[PDB]
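Trainee: The structure's right below; bear with me while I get my questions together.
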Amino acid sequence: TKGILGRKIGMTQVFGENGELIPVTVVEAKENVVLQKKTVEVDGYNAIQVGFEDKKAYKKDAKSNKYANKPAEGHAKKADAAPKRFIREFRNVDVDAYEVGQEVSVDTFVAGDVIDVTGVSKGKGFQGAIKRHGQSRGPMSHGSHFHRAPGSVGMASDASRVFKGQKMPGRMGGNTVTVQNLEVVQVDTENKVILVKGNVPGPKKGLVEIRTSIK
Amino acid sequence: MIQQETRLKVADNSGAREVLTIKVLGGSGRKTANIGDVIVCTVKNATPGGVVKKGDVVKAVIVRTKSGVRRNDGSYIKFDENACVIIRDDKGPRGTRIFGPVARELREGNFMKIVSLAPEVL
Amino acid sequence: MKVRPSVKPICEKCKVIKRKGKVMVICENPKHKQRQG
Amino acid sequence: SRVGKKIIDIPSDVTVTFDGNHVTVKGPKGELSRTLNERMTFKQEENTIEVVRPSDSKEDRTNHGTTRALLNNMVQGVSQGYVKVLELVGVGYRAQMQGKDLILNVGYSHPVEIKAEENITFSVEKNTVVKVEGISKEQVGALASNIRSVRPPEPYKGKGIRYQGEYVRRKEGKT
RNA sequence: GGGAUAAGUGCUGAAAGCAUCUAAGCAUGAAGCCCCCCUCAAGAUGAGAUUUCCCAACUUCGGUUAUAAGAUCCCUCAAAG
RNA sequence: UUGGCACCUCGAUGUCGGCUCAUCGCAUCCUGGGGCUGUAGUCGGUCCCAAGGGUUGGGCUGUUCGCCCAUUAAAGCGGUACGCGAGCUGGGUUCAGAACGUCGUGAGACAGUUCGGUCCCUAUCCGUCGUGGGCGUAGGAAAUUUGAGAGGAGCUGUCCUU
RNA sequence: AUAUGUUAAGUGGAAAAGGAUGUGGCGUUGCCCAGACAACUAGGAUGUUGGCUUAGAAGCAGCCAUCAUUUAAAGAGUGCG
Ligand SMILES: [Mg+2]
Ligand SMILES: [Mg+2]
Ligand SMILES: [Mg+2]
Ligand SMILES: [Mg+2]
Ligand SMILES: [Mg+2]
Ligand SMILES: [Mg+2]
Ligand SMILES: [Mg+2]
Ligand SMILES: [Mg+2]
Ligand SMILES: [Mg+2]
Ligand SMILES: [Mg+2]
């Protein structure tokens with residue numbers, strides 16, 4: 001139950017009972033609609049899909065993504081809706097609720113719900129082994145020429161190859177990751193925000209997936 | 001942050017003036033300590049007389065780190081030196097004349113005797 | 001349970017049986033439990 | 001197989017009904033059903049059952065004498081009913097019924113609930129003697145072995161869930 | 001938290017009138033095993049599925065001419081490199 | 001392991017430790033489950049099942065080792081060219097200097113010490129870590145997905161009640 | 001593929017001292033409808049533990065001395081003790 005889409009606004013803090021400071025990630029979970037209901041009788045699995053942030057309609061000479069194209073008009077026309085930038089399926093929800101076209105508002109969560117927040121990472125670029133992985137660097141003095149290299153990559157001639165999973169350098173990367181068992185502390189209905197306790201992955205104005213905890 | 005081989009002032013009349021840490025007891029691999037953490041330590045500068053003497057290996061609790069502790073209300077506390085009280089392996093001290101301010105965060109570590117023998121606790 | 005290649009009766013009240021492909025001995029005192037291995 | 005030559009298995013008002021491959025036994029406390037065997041054949045001549053093995057082989061000699069015991073123990077707990085009595089020993093061990101399910105207090109930090117199943121009634125006499133009653137000897141032996149996996153007997157004092165006539169091997173271990 | 005199990009623990013039970021944890025059955029049993037959890041995944045050449053959009057003529061239709069939906073070049077950029 | 005043998009390599013298979021990065025066995029060091037006990041309890045002992053995960057920081061020695069101080073639930077044992085130098089150091093040692101002891105008439109020698117003593121390589125292929133292009137997937141597109149599979153995770157103390 | 005067997009461990013598709021039966025084949029043998037082999041339960045004795053009697057010990061520290069029969073039948077107790 002209880003999935004929603006938003007985007008990271010930033011990070012603040014809130015005081016609670018007996019003055020306890022608790023860190024807070026403001027998520028603007030605005031203008032989410034139920035956009036297609038999926039059934040096991042048609043697809044094999046039960047889910048809805050929620051479109052998050054509406055963008056401008058079809059324009060003939062459109063050269064960028066903020067004007068929808070003709071497949072995204074007709075897809076968001078089968079629901080009485082505007083075309084959305086982000087579209088995600090939620091299959092933990094109950095499919096027998098959520099009529100197609102429902103504005104799934106921000107007051108589906110109450111202060112104190114446990115949730116999972118899914119987002120991409122920041123993305124750091126090409127990084128080395130002691131930054132991409134938590135590797136111990138070599139000594140910076142005493143004659144050494146090994147500082148920030150990876151170490152040995154194998155054994156000599158039994159295993160005359162490098163095994164995969166070696167943890168070599170490359171792209172640190174914005175990949176999807178969930179932080180689990182976060183709390184909702186404050187739902188502002190008029191501002192359409194959620195204050196989730198802690199930090200969620202991604203940069204600012206990113207995209208989150210707040211759904212309830214499977215644990 | 002108090003690790004192995006940090007010199008700490010000794011904050012009572014247990015017989016020691018300076019002490020250096022051997023290990024931070026607790027778990028395995030435990031690197032640092034703050035207020036309320038018991039450390040095992042050898043005294044380096046000792047008062048002539050008293051109880052402990054130079055080269056004894058004593059257990060002792062951290063009071064008032066220089067990199068102090070954070071509280072639940074988002075409050076902080078920091079001190080100008082690292083100090084230390086030699087204890088007597090039941091969370092009770094050796095001396096009766098504990099010097100200097102003690103952080104509040106060792107009331108909940110059952111060091112109530114160290115609090116009562118101290119000046120104003122903050 | 002004494003695992004040993006040489007499972008034998010230790011006293012006369014101990015009996016020798018096969019359970020699930022292995023030779024065991026059963027006896028009233030449990031110090032004479034043996035299975036062969 | 002001298003338990004297979006004595007394959008009389010004398011019935012009662014209990015009416016044994018074959019079904020070809022398997023046999024249902026019904027009576028005053030009835031409806032047991034068991035898929036027996038394929039090689040062992042069956043004949044009810046006048047009033048009793050009979051279990052006949054062909055070919056005299058070792059597999060036909062083992063499986064025949066069991067099949068007499070599988071007829072005979074079906075027709076005798078539907079005739080009479082199987083009872084296995086189990087006993088508490090200890091200072092403050094009190095078993096009592098929660099209605100249909102039984103609750104033990106055997107020195108743990110928590111009571112132990114042995115949930116009942118079909119054809120099994122749990123009855124407690126005087127908080128230290130528990131009777132398991134039923135119509136099939138394997139199902140009342142299985143649940144009369146889960147009551148004493150709660151707390152088996154113990155050598156130094158004897159404390160734990162015993163059987164009725166169990167000889168608990170005891171030791172004398174003193175400080 | 002589920003299943004299936006190890007060592008083990010059994011129930012029923014012959015073979016071998018008995019006994020018997022096993023042979024036929026029936027249970028129970030571990031940080032292990034399989035799920036459960038997290039990622040990545042139809043180049044999964046078996047290339048899956050759903051929803052929406054687009055629909056040509058010339059013309060030995062050989063191919064060309066154009067184009068649809070859609071993209072891209074190019075240009076302004078960074079939450080990306 | 002110390003050896004035995006002399007089969008591969010002397011138109012070079014280049015270095016003991018340490019560092020970085022590991023990986024694999026289980027004859028299990030801790031944690032899991034059992035049997036027995038000359039197991040009251042608390043502790044143990046011994047044996048069986050099990051590799052999932054974990055398995056410290058210093059002092060002395062170039063040391064492997066070993067001793068020791070502290071801890072820890074435990075500080076496992078092995079294999080991988082006594083894993084890993086076209087990844088690093090070069091303390092150890094087979095270089096030229098010099099000195100002692102000892103031996104030799106001597107030049108010198110020891111495998112005895114002691115001080116000092118240059119560590120080359122722009123990665124072609126395989127393999128690995130990332131990342132694009134092409135084509136295929138019997139119309140072409142845009143978007144959401146199924147998961148066949150593969151990978152990651154997996155440790156544990158203390159205290160309070162009972 | 002025929003014909004006759006054997007094995008149930010994937011032996012086949014790597015070992016030993018030993019450890020056990022698991023089934024084949026081939027014997028020898030002593031037991032038995034005067035009813036054995038289990039198992040059924042029923043007498044289990046007695047003078048008497050007799051002696052050295054042994055911490056008292058009266059199937060038992062250890063020397064056995066182990067004769068008669070309450071008796072259809074069992075022992076100066078087979079034996080658990
Ligand atoms: Mg380091
Ligand atoms: Mg190399
Ligand atoms: Mg032996
Ligand atoms: Mg030769
Ligand atoms: Mg093993
Ligand atoms: Mg090389
Ligand atoms: Mg020289
Ligand atoms: Mg001379
Ligand atoms: Mg120099
Ligand atoms: Mg084999």
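Identifiers in the structure tokens: chain A, B, ... in order shown; residue index from 1 per chain; ligand index from 1 in order shown.
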Write as a PyMOL selection string the residues around ligand 6, taking 12 Å as the cut-off and counting only C-alpha atoms (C1' of nucleotides) and all ligand atoms.
Mentor: (chain A and resi 152-157+160) or (chain F and resi 13-14+81+84-87+121)
Trainee: How would you report the residues lying within 9 Å of ligand 5, as a VMD selection string, if you count only C-alpha atoms (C1' of nucleotides) and all ligand atoms?
Mentor: chain F and resid 26 to 28 48 to 50
Trainee: Next, write the just-selected residues to a file, as a PDB file, in the first residue's frame, keeping N, CA and C atoms (P, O5', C5', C4', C3', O3' and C1' of nucleotides) as the atom set.
Mentor:
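The resulting file, out-v2.pdb, is shown below:
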ATOM      1  P     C F  26      35.939 -28.543   1.914  1.00  0.00           P
ATOM      2  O5'   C F  26      36.123 -29.089   3.390  1.00  0.00           O
ATOM      3  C5'   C F  26      37.345 -29.700   3.784  1.00  0.00           C
ATOM      4  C4'   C F  26      37.650 -29.449   5.234  1.00  0.00           C
ATOM      5  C3'   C F  26      36.434 -29.413   6.156  1.00  0.00           C
ATOM      6  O3'   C F  26      36.722 -30.108   7.356  1.00  0.00           O
ATOM      7  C1'   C F  26      37.710 -27.439   6.412  1.00  0.00           C
ATOM      8  P     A F  27      36.488 -31.690   7.425  1.00  0.00           P
ATOM      9  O5'   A F  27      37.951 -32.243   7.692  1.00  0.00           O
ATOM     10  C5'   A F  27      38.230 -32.998   8.860  1.00  0.00           C
ATOM     11  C4'   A F  27      39.136 -32.268   9.819  1.00  0.00           C
ATOM     12  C3'   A F  27      39.108 -30.741   9.770  1.00  0.00           C
ATOM     13  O3'   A F  27      39.206 -30.239  11.096  1.00  0.00           O
ATOM     14  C1'   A F  27      41.316 -31.510   9.453  1.00  0.00           C
ATOM     15  P     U F  28      37.890 -29.717  11.838  1.00  0.00           P
ATOM     16  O5'   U F  28      37.916 -28.155  11.567  1.00  0.00           O
ATOM     17  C5'   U F  28      38.951 -27.351  12.110  1.00  0.00           C
ATOM     18  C4'   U F  28      38.407 -26.197  12.910  1.00  0.00           C
ATOM     19  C3'   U F  28      37.719 -26.565  14.220  1.00  0.00           C
ATOM     20  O3'   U F  28      37.930 -25.516  15.151  1.00  0.00           O
ATOM     21  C1'   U F  28      36.212 -25.407  12.851  1.00  0.00           C
ATOM     22  P     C F  48      34.838 -36.208  15.384  1.00  0.00           P
ATOM     23  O5'   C F  48      33.329 -36.015  14.926  1.00  0.00           O
ATOM     24  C5'   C F  48      32.517 -37.140  14.651  1.00  0.00           C
ATOM     25  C4'   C F  48      31.062 -36.765  14.564  1.00  0.00           C
ATOM     26  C3'   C F  48      30.720 -35.679  13.571  1.00  0.00           C
ATOM     27  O3'   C F  48      30.678 -36.152  12.241  1.00  0.00           O
ATOM     28  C1'   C F  48      29.549 -35.314  15.589  1.00  0.00           C
ATOM     29  P     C F  49      31.102 -35.184  11.038  1.00  0.00           P
ATOM     30  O5'   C F  49      29.866 -34.202  10.892  1.00  0.00           O
ATOM     31  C5'   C F  49      28.577 -34.707  10.596  1.00  0.00           C
ATOM     32  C4'   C F  49      27.568 -33.599  10.579  1.00  0.00           C
ATOM     33  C3'   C F  49      28.010 -32.357   9.852  1.00  0.00           C
ATOM     34  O3'   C F  49      27.925 -32.512   8.454  1.00  0.00           O
ATOM     35  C1'   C F  49      26.937 -31.762  11.871  1.00  0.00           C
ATOM     36  P     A F  50      28.706 -31.501   7.497  1.00  0.00           P
ATOM     37  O5'   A F  50      27.748 -30.243   7.475  1.00  0.00           O
ATOM     38  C5'   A F  50      27.947 -29.202   6.556  1.00  0.00           C
ATOM     39  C4'   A F  50      27.925 -27.871   7.243  1.00  0.00           C
ATOM     40  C3'   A F  50      29.246 -27.154   7.291  1.00  0.00           C
ATOM     41  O3'   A F  50      29.788 -26.748   6.030  1.00  0.00           O
ATOM     42  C1'   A F  50      28.260 -26.999   9.393  1.00  0.00           C
TER      43        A F  50
END
Trainee: Would you please give, as a ChimeraX atom specification, all residues of chain B that DSSP assigns to helix (DSSP H, G or I) based on the backbone?
Mentor: /B:104-109,112-116
Trainee: Let me see the file: selected residues, C-alpha atoms, as a PDB file, in the first residue's frame.
Mentor:
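Result file is part.pdb:
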ATOM      1  CA  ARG B 104      26.485  15.395  31.828  1.00  0.00           C
ATOM      2  CA  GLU B 105      26.639  12.351  29.509  1.00  0.00           C
ATOM      3  CA  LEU B 106      28.135  10.013  32.164  1.00  0.00           C
ATOM      4  CA  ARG B 107      25.205  10.267  34.557  1.00  0.00           C
ATOM      5  CA  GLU B 108      23.603   7.556  32.413  1.00  0.00           C
ATOM      6  CA  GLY B 109      26.696   5.347  32.463  1.00  0.00           C
ATOM      7  CA  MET B 112      27.083   8.757  39.821  1.00  0.00           C
ATOM      8  CA  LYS B 113      29.919   8.713  42.362  1.00  0.00           C
ATOM      9  CA  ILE B 114      32.153  10.601  39.916  1.00  0.00           C
ATOM     10  CA  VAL B 115      29.378  13.184  39.444  1.00  0.00           C
ATOM     11  CA  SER B 116      28.870  13.709  43.192  1.00  0.00           C
TER      12      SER B 116
END
Trainee: Give as a ChimeraX atom specification the residues surrounding ligand 10 up to a distance of 9 Å, considering only C-alpha atoms (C1' of nucleotides) and all ligand atoms.
Mentor: /G:10-14
Trainee: At a cut-off of 12 Å around ligand 4, and using only C-alpha atoms (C1' of nucleotides) and all ligand atoms, what residues come up? Please write them as a list in words.
Mentor: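 After applying the 12 Å limit, what remains is residues 5, 6 and 7 of chain F.
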Trainee: If you keep C-alpha atoms (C1' of nucleotides), can you produce a file of those selected residues as a PDB file, in the first residue's frame?
Mentor:
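Dumped to out_19.pdb:
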ATOM      1  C1'   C F   5      65.207 -37.922  -7.546  1.00  0.00           C
ATOM      2  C1'   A F   6      67.110 -34.650 -11.642  1.00  0.00           C
ATOM      3  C1'   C F   7      61.834 -34.489 -15.527  1.00  0.00           C
TER       4        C F   7
END
Trainee: If you count only C-alpha atoms (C1' of nucleotides), which residues fall within 7 Å of residue 173 (chain D), apart from same-chain ones fewer than 2 positions away, as JSON, numbers by chain?
Mentor: {"D": [156, 171, 175], "F": [40]}
Trainee: Contacts of residue 50 (chain E) at 8 Å or less, counting only C-alpha atoms (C1' of nucleotides), minus same-chain residues fewer than 2 places along, as number ranges by chain?
Mentor: A: 42-43; F: 144-145
Trainee: Determine which residues of chain C sit within 12 Å of chain G, taking into account only C-alpha atoms (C1' of nucleotides), and present them as number ranges by chain.
Mentor: C: 3-9, 15-18, 21-25, 34-37
Trainee: Write the selection just made, keeping C-alpha atoms, as a PDB file, in the first residue's frame?
Mentor:
ATOM      1  CA  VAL C   3      32.123 -42.626  16.158  1.00  0.00           C
ATOM      2  CA  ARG C   4      34.735 -45.242  15.307  1.00  0.00           C
ATOM      3  CA  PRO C   5      35.463 -47.724  12.505  1.00  0.00           C
ATOM      4  CA  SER C   6      35.324 -50.528  15.053  1.00  0.00           C
ATOM      5  CA  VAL C   7      31.806 -50.606  16.465  1.00  0.00           C
ATOM      6  CA  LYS C   8      31.365 -53.551  18.827  1.00  0.00           C
ATOM      7  CA  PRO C   9      29.190 -54.587  21.751  1.00  0.00           C
ATOM      8  CA  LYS C  15      22.753 -54.814  20.361  1.00  0.00           C
ATOM      9  CA  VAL C  16      24.011 -54.168  16.815  1.00  0.00           C
ATOM     10  CA  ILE C  17      21.715 -52.650  14.161  1.00  0.00           C
ATOM     11  CA  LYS C  18      21.819 -50.852  10.804  1.00  0.00           C
ATOM     12  CA  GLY C  21      23.229 -47.529   5.708  1.00  0.00           C
ATOM     13  CA  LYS C  22      25.378 -47.187   8.833  1.00  0.00           C
ATOM     14  CA  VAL C  23      26.223 -49.731  11.523  1.00  0.00           C
ATOM     15  CA  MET C  24      25.199 -48.565  14.988  1.00  0.00           C
ATOM     16  CA  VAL C  25      24.952 -50.174  18.398  1.00  0.00           C
ATOM     17  CA  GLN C  34      28.163 -45.949  18.664  1.00  0.00           C
ATOM     18  CA  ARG C  35      27.794 -45.275  14.969  1.00  0.00           C
ATOM     19  CA  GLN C  36      30.395 -46.327  12.450  1.00  0.00           C
ATOM     20  CA  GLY C  37      32.368 -43.545  10.806  1.00  0.00           C
TER      21      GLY C  37
END
Trainee: Check every protein, DNA and RNA residue against ligand 8, keep those with an atom at most 10 Å away (counting only C-alpha atoms (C1' of nucleotides) and all ligand atoms), and present them as a list in words.
Mentor: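 Within the 10 Å cut-off, the matching residues are residues 103, 104, 105 and 106 of chain F.
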Trainee: Keeping N, CA, C and O atoms (P, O5', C5', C4', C3', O3' and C1' of nucleotides), export the residues of the selection given above as a PDB file, in the first residue's frame.
Mentor:
ATOM      1  P     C F 103      92.831 -19.661  14.597  1.00  0.00           P
ATOM      2  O5'   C F 103      92.871 -20.088  13.067  1.00  0.00           O
ATOM      3  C5'   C F 103      92.168 -21.236  12.623  1.00  0.00           C
ATOM      4  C4'   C F 103      92.147 -21.311  11.124  1.00  0.00           C
ATOM      5  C3'   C F 103      93.482 -21.112  10.441  1.00  0.00           C
ATOM      6  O3'   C F 103      94.306 -22.257  10.481  1.00  0.00           O
ATOM      7  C1'   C F 103      91.824 -19.860   9.322  1.00  0.00           C
ATOM      8  P     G F 104      95.896 -22.084  10.577  1.00  0.00           P
ATOM      9  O5'   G F 104      96.309 -21.584   9.127  1.00  0.00           O
ATOM     10  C5'   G F 104      96.176 -22.447   8.015  1.00  0.00           C
ATOM     11  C4'   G F 104      96.386 -21.712   6.721  1.00  0.00           C
ATOM     12  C3'   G F 104      97.649 -20.885   6.626  1.00  0.00           C
ATOM     13  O3'   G F 104      98.798 -21.662   6.365  1.00  0.00           O
ATOM     14  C1'   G F 104      95.832 -19.642   5.799  1.00  0.00           C
ATOM     15  P     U F 105     100.127 -21.401   7.217  1.00  0.00           P
ATOM     16  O5'   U F 105     100.401 -19.851   7.007  1.00  0.00           O
ATOM     17  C5'   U F 105     101.352 -19.173   7.805  1.00  0.00           C
ATOM     18  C4'   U F 105     102.269 -18.338   6.956  1.00  0.00           C
ATOM     19  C3'   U F 105     101.587 -17.380   6.000  1.00  0.00           C
ATOM     20  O3'   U F 105     101.160 -16.184   6.620  1.00  0.00           O
ATOM     21  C1'   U F 105     103.286 -18.552   4.862  1.00  0.00           C
ATOM     22  P     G F 106      99.657 -15.675   6.410  1.00  0.00           P
ATOM     23  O5'   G F 106      99.644 -15.128   4.919  1.00  0.00           O
ATOM     24  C5'   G F 106     100.532 -14.100   4.515  1.00  0.00           C
ATOM     25  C4'   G F 106     100.717 -14.116   3.024  1.00  0.00           C
ATOM     26  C3'   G F 106      99.460 -13.857   2.218  1.00  0.00           C
ATOM     27  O3'   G F 106      99.261 -12.477   2.007  1.00  0.00           O
ATOM     28  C1'   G F 106     100.574 -15.775   1.388  1.00  0.00           C
TER      29        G F 106
END
Trainee: I need the strand (DSSP E or B) residues of chain C per DSSP on the backbone, written as a PyMOL selection string.
Mentor: chain C and resi 2-4+15-19+22-26+34-36
Trainee: Using N, CA, C and O atoms, can you export the residues from the last selection as a PDB file, in the first residue's frame?
Mentor:
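Final output, saved to part.pdb:
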ATOM      1  N   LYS C   2      29.920 -42.401  20.131  1.00  0.00           N
ATOM      2  CA  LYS C   2      31.325 -42.624  19.835  1.00  0.00           C
ATOM      3  C   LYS C   2      31.418 -43.083  18.395  1.00  0.00           C
ATOM      4  O   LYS C   2      31.070 -44.223  18.084  1.00  0.00           O
ATOM      5  N   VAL C   3      31.868 -42.212  17.526  1.00  0.00           N
ATOM      6  CA  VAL C   3      32.123 -42.626  16.158  1.00  0.00           C
ATOM      7  C   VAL C   3      33.495 -43.277  16.095  1.00  0.00           C
ATOM      8  O   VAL C   3      34.457 -42.822  16.727  1.00  0.00           O
ATOM      9  N   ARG C   4      33.563 -44.389  15.396  1.00  0.00           N
ATOM     10  CA  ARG C   4      34.735 -45.242  15.307  1.00  0.00           C
ATOM     11  C   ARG C   4      34.521 -46.253  14.196  1.00  0.00           C
ATOM     12  O   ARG C   4      33.384 -46.656  13.942  1.00  0.00           O
ATOM     13  N   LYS C  15      23.174 -54.129  21.579  1.00  0.00           N
ATOM     14  CA  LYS C  15      22.753 -54.814  20.361  1.00  0.00           C
ATOM     15  C   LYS C  15      23.182 -54.027  19.129  1.00  0.00           C
ATOM     16  O   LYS C  15      23.297 -52.805  19.173  1.00  0.00           O
ATOM     17  N   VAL C  16      23.411 -54.734  18.023  1.00  0.00           N
ATOM     18  CA  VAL C  16      24.011 -54.168  16.815  1.00  0.00           C
ATOM     19  C   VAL C  16      22.945 -54.081  15.729  1.00  0.00           C
ATOM     20  O   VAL C  16      22.336 -55.095  15.372  1.00  0.00           O
ATOM     21  N   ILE C  17      22.734 -52.880  15.178  1.00  0.00           N
ATOM     22  CA  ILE C  17      21.715 -52.650  14.161  1.00  0.00           C
ATOM     23  C   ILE C  17      22.248 -51.754  13.048  1.00  0.00           C
ATOM     24  O   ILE C  17      23.275 -51.094  13.189  1.00  0.00           O
ATOM     25  N   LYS C  18      21.525 -51.734  11.930  1.00  0.00           N
ATOM     26  CA  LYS C  18      21.819 -50.852  10.804  1.00  0.00           C
ATOM     27  C   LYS C  18      20.676 -49.868  10.615  1.00  0.00           C
ATOM     28  O   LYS C  18      19.536 -50.280  10.384  1.00  0.00           O
ATOM     29  N   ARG C  19      20.983 -48.574  10.691  1.00  0.00           N
ATOM     30  CA  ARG C  19      20.028 -47.515  10.391  1.00  0.00           C
ATOM     31  C   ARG C  19      20.589 -46.691   9.248  1.00  0.00           C
ATOM     32  O   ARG C  19      21.644 -46.072   9.406  1.00  0.00           O
ATOM     33  N   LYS C  22      24.266 -47.272   7.900  1.00  0.00           N
ATOM     34  CA  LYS C  22      25.378 -47.187   8.833  1.00  0.00           C
ATOM     35  C   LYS C  22      25.172 -48.172   9.969  1.00  0.00           C
ATOM     36  O   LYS C  22      24.045 -48.391  10.412  1.00  0.00           O
ATOM     37  N   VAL C  23      26.266 -48.751  10.445  1.00  0.00           N
ATOM     38  CA  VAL C  23      26.223 -49.731  11.523  1.00  0.00           C
ATOM     39  C   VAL C  23      26.293 -48.996  12.850  1.00  0.00           C
ATOM     40  O   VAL C  23      27.255 -48.273  13.117  1.00  0.00           O
ATOM     41  N   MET C  24      25.274 -49.181  13.680  1.00  0.00           N
ATOM     42  CA  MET C  24      25.199 -48.565  14.988  1.00  0.00           C
ATOM     43  C   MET C  24      25.084 -49.649  16.043  1.00  0.00           C
ATOM     44  O   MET C  24      24.783 -50.799  15.731  1.00  0.00           O
ATOM     45  N   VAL C  25      25.334 -49.298  17.301  1.00  0.00           N
ATOM     46  CA  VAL C  25      24.952 -50.174  18.398  1.00  0.00           C
ATOM     47  C   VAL C  25      24.087 -49.401  19.383  1.00  0.00           C
ATOM     48  O   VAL C  25      24.297 -48.211  19.628  1.00  0.00           O
ATOM     49  N   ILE C  26      23.075 -50.084  19.909  1.00  0.00           N
ATOM     50  CA  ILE C  26      22.116 -49.528  20.850  1.00  0.00           C
ATOM     51  C   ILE C  26      22.288 -50.281  22.156  1.00  0.00           C
ATOM     52  O   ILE C  26      22.507 -51.496  22.152  1.00  0.00           O
ATOM     53  N   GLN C  34      27.118 -46.056  19.668  1.00  0.00           N
ATOM     54  CA  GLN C  34      28.163 -45.949  18.664  1.00  0.00           C
ATOM     55  C   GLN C  34      27.503 -45.887  17.301  1.00  0.00           C
ATOM     56  O   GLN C  34      26.438 -46.460  17.099  1.00  0.00           O
ATOM     57  N   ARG C  35      28.117 -45.155  16.380  1.00  0.00           N
ATOM     58  CA  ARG C  35      27.794 -45.275  14.969  1.00  0.00           C
ATOM     59  C   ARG C  35      29.112 -45.323  14.220  1.00  0.00           C
ATOM     60  O   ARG C  35      30.099 -44.724  14.643  1.00  0.00           O
ATOM     61  N   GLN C  36      29.137 -46.052  13.118  1.00  0.00           N
ATOM     62  CA  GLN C  36      30.395 -46.327  12.450  1.00  0.00           C
ATOM     63  C   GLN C  36      30.722 -45.197  11.486  1.00  0.00           C
ATOM     64  O   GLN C  36      29.901 -44.828  10.644  1.00  0.00           O
TER      65      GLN C  36
END
Trainee: Please identify every polymer residue within 12 Å of ligand 9, using only C-alpha atoms (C1' of nucleotides) and all ligand atoms, and present the set as a ChimeraX atom specification.
Mentor: /F:115-117
